[PDB]
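Below is the file final.cif, which contains mmCIF, N, CA and C atoms.
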data_coords
loop_
_atom_site.group_PDB
_atom_site.id
_atom_site.type_symbol
_atom_site.label_atom_id
_atom_site.label_comp_id
_atom_site.auth_asym_id
_atom_site.auth_seq_id
_atom_site.Cartn_x
_atom_site.Cartn_y
_atom_site.Cartn_z
ATOM 1 N N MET A 221 -4.733 -22.392 -28.951
ATOM 2 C CA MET A 221 -4.997 -21.037 -28.485
ATOM 3 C C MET A 221 -3.747 -20.436 -27.859
ATOM 4 N N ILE A 222 -3.575 -19.129 -28.025
ATOM 5 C CA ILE A 222 -2.503 -18.420 -27.342
ATOM 6 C C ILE A 222 -3.059 -17.217 -26.594
ATOM 7 N N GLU A 223 -2.327 -16.780 -25.578
ATOM 8 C CA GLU A 223 -2.712 -15.604 -24.812
ATOM 9 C C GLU A 223 -1.475 -14.755 -24.562
ATOM 10 N N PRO A 224 -1.111 -13.927 -25.553
ATOM 11 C CA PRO A 224 0.102 -13.101 -25.533
ATOM 12 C C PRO A 224 0.128 -12.146 -24.349
ATOM 13 N N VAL A 225 1.251 -12.110 -23.639
ATOM 14 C CA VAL A 225 1.433 -11.182 -22.527
ATOM 15 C C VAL A 225 2.099 -9.902 -23.011
ATOM 16 N N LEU A 226 1.636 -8.764 -22.507
ATOM 17 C CA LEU A 226 2.213 -7.485 -22.889
ATOM 18 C C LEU A 226 3.407 -7.141 -22.012
ATOM 19 N N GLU A 227 4.500 -6.738 -22.652
ATOM 20 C CA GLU A 227 5.716 -6.335 -21.945
ATOM 21 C C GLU A 227 5.769 -4.828 -21.691
ATOM 22 N N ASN A 228 5.191 -4.054 -22.600
ATOM 23 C CA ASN A 228 5.173 -2.607 -22.453
ATOM 24 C C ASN A 228 4.024 -2.008 -23.232
ATOM 25 N N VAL A 229 3.410 -0.978 -22.660
ATOM 26 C CA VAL A 229 2.403 -0.188 -23.352
ATOM 27 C C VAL A 229 2.913 1.249 -23.388
ATOM 28 N N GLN A 230 3.216 1.747 -24.584
ATOM 29 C CA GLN A 230 3.817 3.073 -24.722
ATOM 30 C C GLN A 230 2.888 4.187 -24.261
ATOM 31 N N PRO A 231 3.448 5.199 -23.580
ATOM 32 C CA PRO A 231 2.633 6.354 -23.193
ATOM 33 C C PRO A 231 2.072 7.085 -24.407
ATOM 34 N N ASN A 232 0.930 7.738 -24.230
ATOM 35 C CA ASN A 232 0.306 8.506 -25.301
ATOM 36 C C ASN A 232 0.060 7.677 -26.556
ATOM 37 N N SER A 233 -0.318 6.417 -26.368
ATOM 38 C CA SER A 233 -0.611 5.532 -27.493
ATOM 39 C C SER A 233 -2.069 5.114 -27.471
ATOM 40 N N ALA A 234 -2.509 4.437 -28.526
ATOM 41 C CA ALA A 234 -3.857 3.881 -28.553
ATOM 42 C C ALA A 234 -4.046 2.864 -27.436
ATOM 43 N N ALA A 235 -2.997 2.093 -27.159
ATOM 44 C CA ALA A 235 -3.057 1.074 -26.112
ATOM 45 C C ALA A 235 -3.104 1.683 -24.716
ATOM 46 N N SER A 236 -2.374 2.773 -24.503
ATOM 47 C CA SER A 236 -2.427 3.416 -23.195
ATOM 48 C C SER A 236 -3.808 4.031 -22.989
ATOM 49 N N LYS A 237 -4.347 4.647 -24.038
ATOM 50 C CA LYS A 237 -5.677 5.244 -23.968
ATOM 51 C C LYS A 237 -6.731 4.175 -23.704
ATOM 52 N N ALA A 238 -6.514 2.978 -24.252
ATOM 53 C CA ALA A 238 -7.435 1.862 -24.040
ATOM 54 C C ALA A 238 -7.384 1.285 -22.621
ATOM 55 N N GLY A 239 -6.358 1.642 -21.858
ATOM 56 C CA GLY A 239 -6.230 1.175 -20.488
ATOM 57 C C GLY A 239 -5.457 -0.126 -20.341
ATOM 58 N N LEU A 240 -4.755 -0.529 -21.394
ATOM 59 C CA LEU A 240 -3.926 -1.728 -21.314
ATOM 60 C C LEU A 240 -2.693 -1.473 -20.467
ATOM 61 N N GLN A 241 -2.175 -2.517 -19.834
ATOM 62 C CA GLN A 241 -0.934 -2.368 -19.087
ATOM 63 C C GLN A 241 -0.036 -3.577 -19.245
ATOM 64 N N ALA A 242 1.241 -3.391 -18.921
ATOM 65 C CA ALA A 242 2.196 -4.483 -18.945
ATOM 66 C C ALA A 242 1.688 -5.591 -18.040
ATOM 67 N N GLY A 243 1.809 -6.830 -18.500
ATOM 68 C CA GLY A 243 1.346 -7.967 -17.727
ATOM 69 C C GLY A 243 -0.013 -8.485 -18.169
ATOM 70 N N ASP A 244 -0.761 -7.662 -18.899
ATOM 71 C CA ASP A 244 -2.061 -8.078 -19.426
ATOM 72 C C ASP A 244 -1.871 -9.182 -20.457
ATOM 73 N N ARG A 245 -2.835 -10.096 -20.528
ATOM 74 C CA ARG A 245 -2.851 -11.137 -21.556
ATOM 75 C C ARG A 245 -4.057 -10.921 -22.451
ATOM 76 N N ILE A 246 -3.835 -10.871 -23.756
ATOM 77 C CA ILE A 246 -4.937 -10.742 -24.696
ATOM 78 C C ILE A 246 -5.488 -12.133 -24.963
ATOM 79 N N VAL A 247 -6.745 -12.363 -24.592
ATOM 80 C CA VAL A 247 -7.333 -13.697 -24.719
ATOM 81 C C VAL A 247 -8.321 -13.801 -25.875
ATOM 82 N N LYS A 248 -8.999 -12.702 -26.184
ATOM 83 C CA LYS A 248 -9.913 -12.681 -27.318
ATOM 84 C C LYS A 248 -9.808 -11.377 -28.085
ATOM 85 N N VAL A 249 -9.971 -11.463 -29.400
ATOM 86 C CA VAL A 249 -10.067 -10.275 -30.234
ATOM 87 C C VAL A 249 -11.301 -10.399 -31.117
ATOM 88 N N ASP A 250 -12.221 -9.452 -30.983
ATOM 89 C CA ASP A 250 -13.496 -9.523 -31.689
ATOM 90 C C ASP A 250 -14.224 -10.841 -31.436
ATOM 91 N N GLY A 251 -14.259 -11.266 -30.176
ATOM 92 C CA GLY A 251 -15.034 -12.430 -29.779
ATOM 93 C C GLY A 251 -14.388 -13.783 -30.017
ATOM 94 N N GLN A 252 -13.148 -13.788 -30.493
ATOM 95 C CA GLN A 252 -12.465 -15.042 -30.802
ATOM 96 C C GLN A 252 -11.020 -15.032 -30.322
ATOM 97 N N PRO A 253 -10.573 -16.148 -29.731
ATOM 98 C CA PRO A 253 -9.204 -16.254 -29.221
ATOM 99 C C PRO A 253 -8.183 -16.124 -30.342
ATOM 100 N N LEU A 254 -7.009 -15.592 -30.017
ATOM 101 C CA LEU A 254 -5.899 -15.557 -30.958
ATOM 102 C C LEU A 254 -5.200 -16.914 -30.961
ATOM 103 N N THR A 255 -4.727 -17.339 -32.126
ATOM 104 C CA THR A 255 -3.936 -18.559 -32.219
ATOM 105 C C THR A 255 -2.535 -18.240 -32.732
ATOM 106 N N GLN A 256 -2.378 -17.046 -33.298
ATOM 107 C CA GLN A 256 -1.079 -16.566 -33.757
ATOM 108 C C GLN A 256 -0.938 -15.072 -33.490
ATOM 109 N N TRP A 257 0.247 -14.645 -33.057
ATOM 110 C CA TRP A 257 0.476 -13.233 -32.772
ATOM 111 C C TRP A 257 0.369 -12.414 -34.050
ATOM 112 N N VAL A 258 0.810 -12.994 -35.160
ATOM 113 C CA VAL A 258 0.779 -12.291 -36.435
ATOM 114 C C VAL A 258 -0.641 -11.871 -36.828
ATOM 115 N N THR A 259 -1.638 -12.631 -36.383
ATOM 116 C CA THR A 259 -3.039 -12.280 -36.626
ATOM 117 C C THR A 259 -3.391 -10.948 -35.972
ATOM 118 N N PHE A 260 -2.970 -10.765 -34.722
ATOM 119 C CA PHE A 260 -3.207 -9.499 -34.034
ATOM 120 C C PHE A 260 -2.480 -8.363 -34.747
ATOM 121 N N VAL A 261 -1.246 -8.627 -35.159
ATOM 122 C CA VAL A 261 -0.452 -7.633 -35.862
ATOM 123 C C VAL A 261 -1.167 -7.155 -37.130
ATOM 124 N N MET A 262 -1.688 -8.096 -37.910
ATOM 125 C CA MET A 262 -2.363 -7.739 -39.149
ATOM 126 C C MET A 262 -3.678 -7.007 -38.885
ATOM 127 N N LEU A 263 -4.404 -7.429 -37.855
ATOM 128 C CA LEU A 263 -5.663 -6.779 -37.517
ATOM 129 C C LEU A 263 -5.427 -5.323 -37.135
ATOM 130 N N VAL A 264 -4.367 -5.068 -36.382
ATOM 131 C CA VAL A 264 -4.046 -3.693 -36.013
ATOM 132 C C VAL A 264 -3.592 -2.910 -37.244
ATOM 133 N N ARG A 265 -2.652 -3.473 -37.993
ATOM 134 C CA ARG A 265 -2.082 -2.752 -39.124
ATOM 135 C C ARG A 265 -3.119 -2.395 -40.179
ATOM 136 N N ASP A 266 -4.074 -3.294 -40.396
ATOM 137 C CA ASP A 266 -5.055 -3.102 -41.459
ATOM 138 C C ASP A 266 -6.243 -2.212 -41.079
ATOM 139 N N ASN A 267 -6.333 -1.804 -39.816
ATOM 140 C CA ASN A 267 -7.568 -1.180 -39.328
ATOM 141 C C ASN A 267 -7.410 0.106 -38.524
ATOM 142 N N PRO A 268 -6.658 1.070 -39.066
ATOM 143 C CA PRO A 268 -6.546 2.359 -38.380
ATOM 144 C C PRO A 268 -7.923 2.990 -38.221
ATOM 145 N N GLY A 269 -8.219 3.496 -37.029
ATOM 146 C CA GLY A 269 -9.476 4.186 -36.798
ATOM 147 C C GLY A 269 -10.660 3.303 -36.452
ATOM 148 N N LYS A 270 -10.486 1.986 -36.542
ATOM 149 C CA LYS A 270 -11.573 1.066 -36.227
ATOM 150 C C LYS A 270 -11.516 0.645 -34.765
ATOM 151 N N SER A 271 -12.662 0.260 -34.211
ATOM 152 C CA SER A 271 -12.725 -0.165 -32.810
ATOM 153 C C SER A 271 -12.588 -1.675 -32.682
ATOM 154 N N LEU A 272 -11.445 -2.123 -32.174
ATOM 155 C CA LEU A 272 -11.212 -3.539 -31.943
ATOM 156 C C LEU A 272 -11.619 -3.902 -30.520
ATOM 157 N N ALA A 273 -12.484 -4.900 -30.385
ATOM 158 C CA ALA A 273 -12.955 -5.332 -29.074
ATOM 159 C C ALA A 273 -12.017 -6.373 -28.483
ATOM 160 N N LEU A 274 -11.385 -6.041 -27.359
ATOM 161 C CA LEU A 274 -10.472 -6.967 -26.708
ATOM 162 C C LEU A 274 -11.068 -7.575 -25.451
ATOM 163 N N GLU A 275 -10.816 -8.863 -25.259
ATOM 164 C CA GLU A 275 -10.962 -9.479 -23.955
ATOM 165 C C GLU A 275 -9.554 -9.754 -23.458
ATOM 166 N N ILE A 276 -9.233 -9.273 -22.266
ATOM 167 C CA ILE A 276 -7.938 -9.569 -21.678
ATOM 168 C C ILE A 276 -8.108 -10.298 -20.361
ATOM 169 N N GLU A 277 -7.012 -10.857 -19.874
ATOM 170 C CA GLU A 277 -6.958 -11.373 -18.526
ATOM 171 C C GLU A 277 -5.965 -10.497 -17.796
ATOM 172 N N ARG A 278 -6.381 -9.989 -16.644
ATOM 173 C CA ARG A 278 -5.527 -9.166 -15.812
ATOM 174 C C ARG A 278 -5.413 -9.807 -14.437
ATOM 175 N N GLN A 279 -4.235 -10.337 -14.122
ATOM 176 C CA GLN A 279 -4.042 -11.076 -12.878
ATOM 177 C C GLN A 279 -5.088 -12.174 -12.722
ATOM 178 N N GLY A 280 -5.479 -12.773 -13.841
ATOM 179 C CA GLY A 280 -6.376 -13.912 -13.823
ATOM 180 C C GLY A 280 -7.850 -13.564 -13.818
ATOM 181 N N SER A 281 -8.158 -12.278 -13.960
ATOM 182 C CA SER A 281 -9.541 -11.818 -14.019
ATOM 183 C C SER A 281 -9.824 -11.141 -15.354
ATOM 184 N N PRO A 282 -11.017 -11.390 -15.919
ATOM 185 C CA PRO A 282 -11.385 -10.912 -17.257
ATOM 186 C C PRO A 282 -11.729 -9.424 -17.289
ATOM 187 N N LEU A 283 -11.355 -8.758 -18.375
ATOM 188 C CA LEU A 283 -11.707 -7.365 -18.580
ATOM 189 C C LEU A 283 -11.932 -7.150 -20.067
ATOM 190 N N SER A 284 -12.903 -6.309 -20.414
ATOM 191 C CA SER A 284 -13.161 -5.954 -21.811
ATOM 192 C C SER A 284 -12.674 -4.541 -22.098
ATOM 193 N N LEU A 285 -12.008 -4.349 -23.232
ATOM 194 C CA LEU A 285 -11.516 -3.025 -23.591
ATOM 195 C C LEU A 285 -11.757 -2.754 -25.067
ATOM 196 N N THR A 286 -11.693 -1.481 -25.447
ATOM 197 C CA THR A 286 -11.837 -1.073 -26.840
ATOM 198 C C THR A 286 -10.537 -0.444 -27.312
ATOM 199 N N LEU A 287 -9.954 -1.002 -28.370
ATOM 200 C CA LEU A 287 -8.669 -0.531 -28.867
ATOM 201 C C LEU A 287 -8.848 0.067 -30.261
ATOM 202 N N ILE A 288 -8.436 1.316 -30.440
ATOM 203 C CA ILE A 288 -8.583 1.995 -31.731
ATOM 204 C C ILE A 288 -7.214 2.380 -32.284
ATOM 205 N N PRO A 289 -6.709 1.604 -33.257
ATOM 206 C CA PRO A 289 -5.360 1.894 -33.751
ATOM 207 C C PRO A 289 -5.247 3.294 -34.345
ATOM 208 N N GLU A 290 -4.121 3.951 -34.086
ATOM 209 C CA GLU A 290 -3.835 5.252 -34.678
ATOM 210 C C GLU A 290 -3.267 5.066 -36.070
ATOM 211 N N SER A 291 -3.550 6.012 -36.958
ATOM 212 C CA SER A 291 -3.017 5.952 -38.314
ATOM 213 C C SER A 291 -1.581 6.465 -38.336
ATOM 214 N N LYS A 292 -0.682 5.673 -38.909
ATOM 215 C CA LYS A 292 0.725 6.038 -39.027
ATOM 216 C C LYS A 292 1.226 5.723 -40.433
ATOM 217 N N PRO A 293 2.289 6.406 -40.876
ATOM 218 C CA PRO A 293 2.823 6.114 -42.211
ATOM 219 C C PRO A 293 3.253 4.654 -42.368
ATOM 220 N N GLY A 294 2.881 4.044 -43.488
ATOM 221 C CA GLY A 294 3.298 2.690 -43.815
ATOM 222 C C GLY A 294 4.088 2.608 -45.112
ATOM 223 N N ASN A 295 4.607 1.423 -45.412
ATOM 224 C CA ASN A 295 5.440 1.245 -46.600
ATOM 225 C C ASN A 295 4.666 1.315 -47.913
ATOM 226 N N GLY A 296 3.398 0.926 -47.887
ATOM 227 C CA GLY A 296 2.579 0.984 -49.086
ATOM 228 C C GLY A 296 1.263 1.707 -48.878
ATOM 229 N N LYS A 297 0.919 1.941 -47.618
ATOM 230 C CA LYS A 297 -0.372 2.508 -47.265
ATOM 231 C C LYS A 297 -0.308 2.950 -45.814
ATOM 232 N N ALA A 298 -1.299 3.716 -45.371
ATOM 233 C CA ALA A 298 -1.386 4.074 -43.964
ATOM 234 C C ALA A 298 -1.714 2.827 -43.155
ATOM 235 N N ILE A 299 -1.065 2.669 -42.005
ATOM 236 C CA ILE A 299 -1.279 1.479 -41.191
ATOM 237 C C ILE A 299 -1.722 1.865 -39.794
ATOM 238 N N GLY A 300 -2.360 0.929 -39.100
ATOM 239 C CA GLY A 300 -2.720 1.140 -37.707
ATOM 240 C C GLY A 300 -1.556 0.817 -36.793
ATOM 241 N N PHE A 301 -1.483 1.530 -35.674
ATOM 242 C CA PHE A 301 -0.414 1.329 -34.709
ATOM 243 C C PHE A 301 -0.979 1.560 -33.317
ATOM 244 N N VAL A 302 -0.636 0.688 -32.372
ATOM 245 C CA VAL A 302 -1.214 0.772 -31.028
ATOM 246 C C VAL A 302 -0.207 0.976 -29.892
ATOM 247 N N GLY A 303 1.078 0.787 -30.166
ATOM 248 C CA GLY A 303 2.104 1.074 -29.176
ATOM 249 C C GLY A 303 2.263 -0.037 -28.154
ATOM 250 N N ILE A 304 2.225 -1.279 -28.623
ATOM 251 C CA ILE A 304 2.371 -2.431 -27.739
ATOM 252 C C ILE A 304 3.648 -3.206 -28.040
ATOM 253 N N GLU A 305 4.397 -3.539 -26.992
ATOM 254 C CA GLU A 305 5.507 -4.476 -27.106
ATOM 255 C C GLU A 305 5.123 -5.772 -26.412
ATOM 256 N N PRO A 306 5.101 -6.877 -27.163
ATOM 257 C CA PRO A 306 4.748 -8.157 -26.552
ATOM 258 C C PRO A 306 5.955 -8.752 -25.839
ATOM 259 N N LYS A 307 5.712 -9.656 -24.897
ATOM 260 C CA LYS A 307 6.797 -10.400 -24.271
ATOM 261 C C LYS A 307 7.325 -11.399 -25.289
ATOM 262 N N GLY A 308 8.638 -11.419 -25.478
ATOM 263 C CA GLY A 308 9.235 -12.318 -26.446
ATOM 264 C C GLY A 308 10.126 -11.586 -27.426
ATOM 265 N N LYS A 309 10.208 -12.103 -28.647
ATOM 266 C CA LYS A 309 11.162 -11.587 -29.621
ATOM 267 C C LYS A 309 10.504 -10.838 -30.781
ATOM 268 N N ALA A 310 9.214 -10.546 -30.649
ATOM 269 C CA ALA A 310 8.482 -9.836 -31.695
ATOM 270 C C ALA A 310 8.714 -8.327 -31.641
ATOM 271 N N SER A 311 8.434 -7.652 -32.752
ATOM 272 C CA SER A 311 8.602 -6.208 -32.863
ATOM 273 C C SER A 311 7.373 -5.484 -32.318
ATOM 274 N N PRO A 312 7.505 -4.183 -32.018
ATOM 275 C CA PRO A 312 6.346 -3.404 -31.566
ATOM 276 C C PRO A 312 5.218 -3.374 -32.597
ATOM 277 N N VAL A 313 3.986 -3.225 -32.123
ATOM 278 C CA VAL A 313 2.828 -3.130 -33.007
ATOM 279 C C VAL A 313 1.964 -1.939 -32.590
#
Could you take the file, read its structure, and then write that structure out as structure tokens?
Amino acid sequence: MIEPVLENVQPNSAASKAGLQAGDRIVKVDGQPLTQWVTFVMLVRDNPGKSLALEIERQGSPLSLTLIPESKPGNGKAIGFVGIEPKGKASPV
């Protein structure tokens, strides 16, 4: 299991609207823990306009949020985008 920490949540984004903040850890997505960051990336990219149910940990306490990716231009199709930068060496999603 992994629990990715957020480094930045862009203003005026799906993630900011969802109430996410830097320091939050994503512990569950749609009722199941993440084991790879790429899984979250694909779930966001593939699902513009859909409601993703998040469980996060905030300072060690659980919170539930609803994240709805915005539709943005993609290389082959429209993709979802939420405006999150994870802690580490990954690209924004």
Answer key for the PyMOL selection byres (((chain A and resi 256 and name CA) around 10) and name CA), residues as a VMD selection string
chain A and resid 221 to 224 253 to 255 257 to 261
For N, CA and C atoms, I'd like the residues from the last selection saved as a CSV table (one decimal), in the frame of the given file.
chain,number,residue,atom,x,y,z
A,221,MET,N,-4.7,-22.4,-29.0
A,221,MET,CA,-5.0,-21.0,-28.5
A,221,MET,C,-3.7,-20.4,-27.9
A,222,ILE,N,-3.6,-19.1,-28.0
A,222,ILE,CA,-2.5,-18.4,-27.3
A,222,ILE,C,-3.1,-17.2,-26.6
A,223,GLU,N,-2.3,-16.8,-25.6
A,223,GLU,CA,-2.7,-15.6,-24.8
A,223,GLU,C,-1.5,-14.8,-24.6
A,224,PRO,N,-1.1,-13.9,-25.6
A,224,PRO,CA,0.1,-13.1,-25.5
A,224,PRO,C,0.1,-12.1,-24.3
A,253,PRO,N,-10.6,-16.1,-29.7
A,253,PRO,CA,-9.2,-16.3,-29.2
A,253,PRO,C,-8.2,-16.1,-30.3
A,254,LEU,N,-7.0,-15.6,-30.0
A,254,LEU,CA,-5.9,-15.6,-31.0
A,254,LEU,C,-5.2,-16.9,-31.0
A,255,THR,N,-4.7,-17.3,-32.1
A,255,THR,CA,-3.9,-18.6,-32.2
A,255,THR,C,-2.5,-18.2,-32.7
A,257,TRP,N,0.2,-14.6,-33.1
A,257,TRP,CA,0.5,-13.2,-32.8
A,257,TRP,C,0.4,-12.4,-34.0
A,258,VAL,N,0.8,-13.0,-35.2
A,258,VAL,CA,0.8,-12.3,-36.4
A,258,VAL,C,-0.6,-11.9,-36.8
A,259,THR,N,-1.6,-12.6,-36.4
A,259,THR,CA,-3.0,-12.3,-36.6
A,259,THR,C,-3.4,-10.9,-36.0
A,260,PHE,N,-3.0,-10.8,-34.7
A,260,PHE,CA,-3.2,-9.5,-34.0
A,260,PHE,C,-2.5,-8.4,-34.7
A,261,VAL,N,-1.2,-8.6,-35.2
A,261,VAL,CA,-0.5,-7.6,-35.9
A,261,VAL,C,-1.2,-7.2,-37.1
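With all atoms listed in the file as the atoms that count, the residue of A:272, A:292, A:226, A:231 with the shortest distance to residue 249 in chain A is A:272.
Interatomic distance, atom N of residue 252 in chain A against CA of residue 298 in chain A: 25.3 Å.
Of the listed residues (A:297, A:309, A:265, A:245), A:245 comes nearest to residue 280 in chain A; the distances count all atoms listed in the file.
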Tell me which residues the PyMOL selection byres (((chain A and resi 278 and name CA) around 9) and name CA) grabs here, as an NGL selection string.
:A and (241 or 243-245 or 276-277 or 279-283)
Quick one: of A:303, A:289, A:294, A:308, who's nearest to residue 230 in chain A, counting only N, CA and C atoms?
A:303
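Comparing the minimum interatomic distances between residue 247 in chain A and each of A:275, A:234, A:268, A:225, counting only N, CA and C atoms, we find that A:275 sits nearest.
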Using only N, CA and C atoms, list the residues that have an atom at most 5 Å from (5.0, -8.1, -23.8), coordinates as in the file, as a short mmCIF file (atom, residue, chain, number, x, y, z; two decimals) with N, CA and C atoms, in the frame of the given file.
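The file below, point.cif, is the result:
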data_model
loop_
_atom_site.label_atom_id
_atom_site.label_comp_id
_atom_site.auth_asym_id
_atom_site.auth_seq_id
_atom_site.Cartn_x
_atom_site.Cartn_y
_atom_site.Cartn_z
N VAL A 225 1.25 -12.11 -23.64
CA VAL A 225 1.43 -11.18 -22.53
C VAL A 225 2.10 -9.90 -23.01
N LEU A 226 1.64 -8.76 -22.51
CA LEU A 226 2.21 -7.48 -22.89
C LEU A 226 3.41 -7.14 -22.01
N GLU A 227 4.50 -6.74 -22.65
CA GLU A 227 5.72 -6.34 -21.94
C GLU A 227 5.77 -4.83 -21.69
N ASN A 228 5.19 -4.05 -22.60
CA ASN A 228 5.17 -2.61 -22.45
C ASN A 228 4.02 -2.01 -23.23
N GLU A 305 4.40 -3.54 -26.99
CA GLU A 305 5.51 -4.48 -27.11
C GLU A 305 5.12 -5.77 -26.41
N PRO A 306 5.10 -6.88 -27.16
CA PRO A 306 4.75 -8.16 -26.55
C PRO A 306 5.96 -8.75 -25.84
N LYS A 307 5.71 -9.66 -24.90
CA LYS A 307 6.80 -10.40 -24.27
C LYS A 307 7.32 -11.40 -25.29
#
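Taking atom N of residue 246 in chain A and CA of residue 291 in chain A as the two end points, the separation is 22.3 Å.
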Taking only chain A into account, list the residues labelled strand (DSSP E or B) by DSSP (computed from the backbone), as a ChimeraX atom specification.
/A:222,225-229,245-249,252,254,272-278,281-287,290-292,299-301,304-306
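Interatomic distance, CA of residue 237 in chain A against atom N of residue 296 in chain A: 25.9 Å.
Using only C-alpha atoms for every distance, the candidate list A:242, A:300, A:262, A:271 yields A:271 as the residue closest to residue 286 in chain A.
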In terms of only N, CA and C atoms, the residue from A:240, A:310, A:304, A:288 at minimal distance from residue 267 in chain A is A:288
In chain A, DSSP alpha helix (DSSP H) residues written as a VMD selection string
chain A and resid 234 to 238 257 to 265
Might you pull out every residue within 6.5 Å of residue 273 in chain A, with all atoms listed in the file counted and same-chain residues fewer than 3 positions away left off, and present them as a PyMOL selection string?
chain A and resi 248-251+285-287
Produce the centre coordinates and the three edge lengths, each in Å to one decimal, of the box along x, y and z that contains all listed atoms of range 225-228 of chain A with 3 Å added on each side, as AutoDock Vina command-line options.
--center_x 3.5 --center_y -7.1 --center_z -22.7 --size_x 10.5 --size_y 16.1 --size_z 7.9
